[PDB]
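**Q** What follows is a protein structure lacking sequence information:
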Ligand SMILES: Cc1cn([C@H]2C[C@H](O)[C@@H](COP(=O)(O)O)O2)c(=O)[nH]c1=O
Ligand SMILES: Cc1cn([C@H]2C[C@H](O)[C@@H](COP(=O)(O)O)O2)c(=O)[nH]c1=O
């Protein structure tokens, strides 16, 4: 497993080796040693998992959790192909307002660790694209907020030549700048404090 | 999410609801609240995950970890279709020697919790079948043992109309009864002690 720090502070791309034999293939998308090496502590305790399947051209996001309590996440693409996007919405972060992207496919699988307090989006590049997540806390509707992924300010890589397929909640989402003004974005210091508790060495 | 106790003591089948919209489908394969209700405590700390893809007719198993240290697992089928099999190989268990099976498909997805000490096997019923696991301990080759899945004493449902595709290590595995005589099986009491430590609420 190789680890590469993303441009959004604390976000990490992991590239597992793919093992093949006559029966099929194997990857180990999360591995404690590689994770600790890159992050400095183990994964959060897992509260919930997600299996999301999307049609080509679906854009989901930008999703974040009200912080506190916040949510950290670990995601990979288990089928199909996605452009995964991390957006740093943590006020005070050295990388506030920046994003980075990871192409997730089946030939060269990559997983991403999303710190507490960041935003997540993706676009499905193929039908039957599965995004598989581990979360640090169960999804609670009242704590789950959204920002506009289509915000021309951000210029996210979410246009693939079809009209995007977007939910109501994502379509009407306010922009990053509007959320900031309203006091709705996570604070970087607070986010890192929570994150260090979640990923503390037992 | 609904939970159902399997015939192997402590093994549990979870049935998440399938949510659908214009974008696709969503299931939540692992959910802490349902898990805690059924098991009595939260999932183990996740040491490692697995993404395994198999051709139709592959049979993997029966696999178990030397106990101690042992491994508990949580598994679901993220693509394709599998017959998932849990085998109680824990000497002293009230359900020793029994197995149970769960059909894992895309239409009515099911996840299974495998206690410490039990054996696991599955048969892939479609090409490109993906089994997705969370593990309590990282895989260590020297601790990963096998038992014969073809054992006539068990009658596992593993031939589906094509010549089974089996690894050499699985093909030459000894039977459950032989492994018991050789002293190679997990002990139930020990397994339960490990399990209680892993899944403690504190
Ligand atoms: C991702 C997720 C969504 N949901 C629900 C909330 C919404 O009613 C619906 C779609 O959510 P979404 O707008 O975040 O895609 O599914 C959960 O209950 N738990 C989850 O983990
Ligand atoms: C399942 C698994 C297998 N392996 C290795 C051991 C073997 O050399 C090969 C196949 O293992 P298997 O016979 O248990 O399927 O993959 C790992 O290193 N980590 C894992 O988690």
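**A** Nice, thanks for sending it over. Numbering: from 1, shown residues only, chains lettered A, B, ... in the order given. Ligands and ions are numbered 1, 2, ... in the order given.
**Q** Roughly how far does residue A:128 sit from residue A:164?
**A** Per CB to CB, to the nearest Å, residue A:128 is found 18 Å from residue A:164. Backbone N, C-alpha and C define where each C-beta goes, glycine included.
**Q** What's the end-to-end length of stretch A:102-115?
**A** Length of stretch A:102-115, first residue to last, CA to CA, to the nearest Å: 15 Å.
**Q** Any part of stretch A:34-54 near ligand 2?
**A** No: using CB under 6 Å from any ligand atom, we find that stretch A:34-54 stays clear of ligand 2, coming within 12.9 Å at best.
**Q** Just give me how far that stretch sits from the chain centre.
**A** Taking CA atoms, centre = their mean, to the nearest Å, the mean C-alpha location of stretch A:34-54 is offset from the chain mean by 10 Å.
**Q** Give me the buried stretch members for it, please.
**A** Judged by neighbour count using 16 or more other CB atoms under 10 Å in any protein chain shown, the buried positions of stretch A:34-54 are A:34-35, A:38-39, A:42-54.
**Q** and it with chain B, contact?
**A** Yes: judged by CB under 8 Å from any CB of the partner chain, stretch A:34-54 and chain B are in contact via A:42, A:43, A:45, A:46, A:47, A:48, A:49, A:50, A:51, A:52, A:53, A:54.
**Q** So what pairs up with the last one in the strands?
**A** Looking back up the chat, that one is residue A:54. Beta-bridge pairing for residue A:54 (DSSP bridges): residue A:129, residue B:24.
**Q** if I read this right, it contacts residue A:131, doesn't it?
**A** Yes: with contacts counted by CB atoms under 8 Å, residue A:54 reaches residue A:131, the gap being 7.2 Å.
**Q** what sits in contact with each of those two?
**A** Common contact partners of residue A:54 and residue A:131 (CB atoms under 8 Å, 6 or more residues apart in numbering or on different chains): residue A:82.
**Q** Tell me where chain A has strands.
**A** Counting by DSSP state E, chain A has these strands, from start to end: A:2-5, A:12-15, A:19-21, A:24-27, A:48-54, A:59-65, A:73-79, A:82-87, A:99-104, A:111-114, A:119-124, A:129-135, A:144-146.
**Q** Export those strands as CSV, with columns for distance to residue B:90.
**A** Converted to CSV, these look like this (distance: least, CB to CB, whole Å):
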stretch, distance to residue B:90
strand A:2-5, 37
strand A:12-15, 34
strand A:19-21, 29
strand A:24-27, 26
strand A:48-54, 26
strand A:59-65, 40
strand A:73-79, 31
strand A:82-87, 41
strand A:99-104, 39
strand A:111-114, 33
strand A:119-124, 41
strand A:129-135, 28
strand A:144-146, 41
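**Q** need the residues of chain A near ligand 2, please.
**A** A:19, A:26, A:28.
**Q** Any of these buried? List them.
**A** A:26, A:28.
**Q** Near the residue found closest to residue A:93 once you drop the neighbours it is linked to in the chain, how many residues? Count them for me, please.
**A** Ranked by CB to CB, 6 or more residues apart in numbering or on different chains and with sequence neighbours excluded, the top spatial neighbour of residue A:93 is residue A:188, at 4.1 Å. Counted with other CB atoms under 10 Å in any protein chain shown, the neighbours of residue A:188 add up to 24.
**Q** Now for residue A:188: which residues touch it?
**A** A:90, A:91, A:92, A:93, A:96, A:117.
**Q** Export those to a markdown table and append columns for neighbour count.
**A** A markdown table is the format used below for the contacts of residue A:188 (neighbours: other CB atoms under 10 Å in any protein chain shown):
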| residue | neighbour count |
| --- | --- |
| A:90 | 29 |
| A:91 | 19 |
| A:92 | 13 |
| A:93 | 22 |
| A:96 | 17 |
| A:117 | 29 |
